Ligand SMILES: *[C@H](O)[C@H](C[C@@H]1CCNC1=O)NC(=O)[C@H](CC(C)C)NC(=O)OC[C@H]1C[C@H]2CC[C@@H]1C2
Ligand SMILES: *[C@H](O)[C@H](C[C@@H]1CCNC1=O)NC(=O)[C@H](CC(C)C)NC(=O)OC[C@H]1C[C@H]2CC[C@@H]1C2
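Dropping the structure here:
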């Protein structure tokens, strides 16, 4: 049971290159609008305390170079929504999928299409951490890469990439340009809040290990919801809500293990450890699989 | 480090479904040919030991339902190459990428586009184990899903999925229909060789740790390749080949650490263990990142 991303084809058909001055990053081309991080308009001087409204009014349409492969698109208008720049182009993208813009909740997962110079490079599954960072593979030039989920024929865009933090995690915005977390698109070293582990996902992953015939960590003991949550919070795990319990039902039924029985197992793991053992190959409890992710696979 | 897959769009554009009677699996549409597992022509009663040659003589072009989405593709010829069926169709796929058929080596990694009834479900990275199995997420109806790598804009197809083993791992063929490993496409119990650790990938991981400034495990000594291989076998590590030594070339050059010196460091980890330490934030050595994978995510 391994990490699985959504097929990326519908998003690849939307990726373009956006250049301003010496700065090049990725944009998302939907209908006749290209969305990208606004810091593309910055220079080295600008980056430490950029007054974006000032920097933007000083720009004209012709200062933006948008390339779809070898083809230049003509920018006929530009505006800013929070931290995203929107470039109107004279051409519509025929490859535009059915889509929506969503803001995801912490603990939810999405796929990331990592792009450089407008070209797709890799795809992988991320979780929005409780402290609103994401543990990604993003290098120089990845800005403007997007995260998404696919439901039926519909792409829900939830993330656009903007920056790295000193710890090596990453930060960005929704497609309305609002950051996830307390971060700012300026060139400073920023720390996040204290991270916590996503408990409902750890429980989904234990159920997955059981479904894969793997149960050394199970026990006959049980716990109340509140007593589990006391121990969880002691270990900087998120408390488990009753909707979380509800959401775990299908995995509960399928294995015949009551949610609160699995909570008692997790409690024992937190207090004791894995004592050399592994679960699904891992020496660590994994919290980037949602119940939905587990079920569908 | 993440398991990271290649963007799947160029492969999505080639996926179709192939049906015989009520048996539907996936196929791969490139130019005017559709490639799929030959056991699409089997009923339940034929699967324990199909006579594939006899089953095929009974088939005509008009017995094959090939669909891209809900749109039928007319079949105008059929043949069998090893364990794959090749169906000539009357339309060249307009989304055919530049492509190659490659046969990979154990330890190499590839992306799998998991498909059901010709529709993509997900993409993920797999390593081919030294016993020629992969640990995928393959459910009923995933046969004919393919594995691939993408170089420049050329898709190298390396795997087509055919079966599951009793232990829960998976087996399949290259796109010329030749199985990886000692397996056959019959619904019988077959056992894989005991698996081993992919030494070349562990070495790549150690190089990755050095590139990131985590280098406590480097020592002042070296080893011969044969001495290393004889020790490695005692810890259920795969022996290194000359190709393994060569594909470590770039990382050795990037770090200035000779391949055989890194082998001497690995030998020490094998014999003494980690003694409470971690590498890249893990007490376990990772063996599913190739030297190519490491360079992609570092540089
Ligand atoms: C846009 O492509 C990049 C993506 C970064 C670069 C390295 N890895 C990434 O994910 N974003 C930036 O360049 C960004 C620009 C500012 C104006 C929002 N700055 C940034 O990521 O700085 C990272 C700095 C901060 C401390 C951690 C690493 C260095 C020092
Ligand atoms: C084609 O979609 C399926 C994919 C299988 C089914 C579940 N997981 C998979 O990888 N392949 C088969 O159905 C295959 C057909 C024969 C002709 C090769 N049979 C198969 O994989 O069965 C494996 C045997 C071995 C023991 C496990 C299940 C049975 C008994």
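Residue numbers (PDB author numbering), protein chains in the order written: chain A, 3 to 299; chain B, 3 to 301.
No residue lacks a Cβ here, since even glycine has one placed at the ideal position from N, Cα and C.
Exercise. So is residue 47 of chain B buried or exposed if we call it buried at 16+ other beta carbons inside 10 Å?
Worked result: exposed
Problem set entry | Contact list for residue 217 of chain A against chain B, beta-carbon separation under 9 Å | Correct list: empty, because the minimum Cβ distance to chain B is about 15 Å.
Problem set entry | Neighbour flag for residue 125 of chain A against chain B, beta carbons, 8 Å | yes
For this session: Examine chain A for any beta-carbon lying closer than 8 Å to the beta-carbon of residue 2 of chain B, and answer yes or no.
Result: Given that chain B is displayed from residue 3 to residue 301, the structure contains no residue 2 of chain B and the question cannot be resolved.
Exercise. Taking 8 Å as the CB-CB limit, is residue 139 of chain A close to chain B?
Worked result: yes
Exercise. With DSSP run on the structure shown, which of helix, strand or coil describes residue 186 of chain A?
Worked result: coil
Exercise. Measuring from the CB of residue 2 of chain A, is there a heavy atom of ligand 2 at a distance below 7 Å?
Worked result: Because residue 2 of chain A is not part of the residues shown, which for chain A are 3 to 299, the question remains open.
Problem set entry | Which listed residue (A:239, A:285, A:205) has its alpha carbon closest to that of residue 249 of chain A | A:205
Problem set entry | Rounded C-alpha distance that separates residue 208 of chain B from residue 264 of chain B | 8 Å
Problem set entry | residue 87 of chain B versus residue 116 of chain B - alpha carbon distance | 19 Å
Exercise. Would residue 69 of chain A count as contacting chain B if we go by Cβ distances under 8 Å?
Worked result: For residue 69 of chain A, not one C-beta of chain B is nearer than 8 Å to its own C-beta.
Exercise. Around the C-beta of residue 59 of chain B, are 16 or more other C-beta atoms found within 10 angstroms, so that it is buried, or is it exposed?
Worked result: exposed
For this session: Starting from the N-terminal side, write out each stretch of the alpha helix (DSSP H) that is 4 residues or longer and does not extend beyond the stretch 97-138 of chain A.
Result: none
For this session: Identify whether residue 210 of chain A lies in helix, strand or coil by the three-state DSSP scheme.
Result: helix
Exercise. DSSP three-state call for residue 270 of chain A: helix, strand or coil?
Worked result: helix
Exercise. Does the beta carbon of residue 184 of chain B fall short of 7 Å from some heavy atom of ligand 3?
Worked result: For the structure depicted, ligand 3 is absent and the ligand set comprises only ligand 1 and ligand 2.
For this session: Identify whether residue 37 of chain B lies in helix, strand or coil by the three-state DSSP scheme.
Result: Looking at residue 37 of chain B - three-state DSSP - the assignment turns out to be strand.
Problem set entry | Proximity test, Cβ basis, 8 Å: residue 253 of chain B and chain A | The C-beta of residue 253 of chain B comes no closer than 8 Å to any C-beta of chain A.
Exercise. Hey, would you say the C-beta of residue 191 of chain B is under 7 Å away from at least one heavy atom of ligand 2?
Worked result: yes
Exercise. Leaving out five residues before and five after residue 252 of chain A in sequence, what residues of the same chain have Cβ atoms less than 7 Å from its Cβ?
Worked result: 297
Exercise. If you measure from the beta carbon of residue 206 of chain A to each beta carbon in chain B, is any gap under 8 Å?
Worked result: no
Problem set entry | CB-CB length for residue 44 of chain B against residue 20 of chain B, believed under 8 Å | 13 Å between Cβ atoms; not a contact.
Problem set entry | Contact set, ligand 1 heavy atom to C-beta under 6 Å | Listed along the chain, these residues meet the criterion: A:27, A:41, A:44, A:49, A:140, A:141, A:142, A:143, A:144, A:145, A:164, A:165, A:166, A:167, A:168, A:172, A:187, A:188, A:189, A:191.
Exercise. Listed in chain order, which residues of the stretch 15-34 of chain A have Cβ atoms closer than 8 Å to some Cβ of chain B?
Worked result: 15
Exercise. What three-state label does DSSP hand residue 59 of chain B in the structure shown?
Worked result: In the displayed model, residue 59 of chain B falls within a helix according to three-state DSSP.
Problem set entry | Partners in chain A for residue 285 of chain B, counting only beta-carbon separations shorter than 8 Å | 285
Problem set entry | Inter-residue spacing [alpha-carbon to alpha-carbon] between residue 108 of chain B and residue 147 of chain B | Each residue's Cα considered, the two are about 19 Å apart.
Exercise. On the three-pair Cβ rule with 8 Å, is the stretch 135-150 of chain B touching the stretch 111-127 of chain B?
Worked result: With the cut-off at 8 Å, the stretch 135-150 of chain B and the stretch 111-127 of chain B touch.
For this session: Look at the Cβ atom of residue 202 of chain B, then the Cβ atom of residue 158 of chain B, and state whether they are nearer than 8 Å.
Result: no
Problem set entry | 6 Å CB neighbourhood of residue 174 of chain A in its chain, flanking five on each side removed | 161, 162, 163, 164
For this session: Consider the Cβ of residue 299 of chain A: report whether some Cβ of chain B lies at a distance smaller than 8 Å.
Result: yes
Exercise. Between the beta-carbon of residue 100 of chain B and the beta-carbon of residue 56 of chain B, is there less than 8 Å?
Worked result: no
Exercise. DSSP on residue 73 of chain B, reduced to helix/strand/coil?
Worked result: Residue 73 of chain B falls in the strand class under three-state DSSP.
Exercise. When the Cβ atoms of the stretch 6-16 of chain B are set against those of the stretch 6-25 of chain A, are three or more pairs found closer than 8 Å?
Worked result: yes
Exercise. Under 8 Å, do residue 31 of chain B and residue 70 of chain B count as touching if we go by C-beta distance?
Worked result: yes
Exercise. Which residues in chain B sit within 8 Å of residue 8 of chain A, going by Cβ to Cβ distance?
Worked result: Neighbours of residue 8 of chain A on chain B, chain order: 124, 125.
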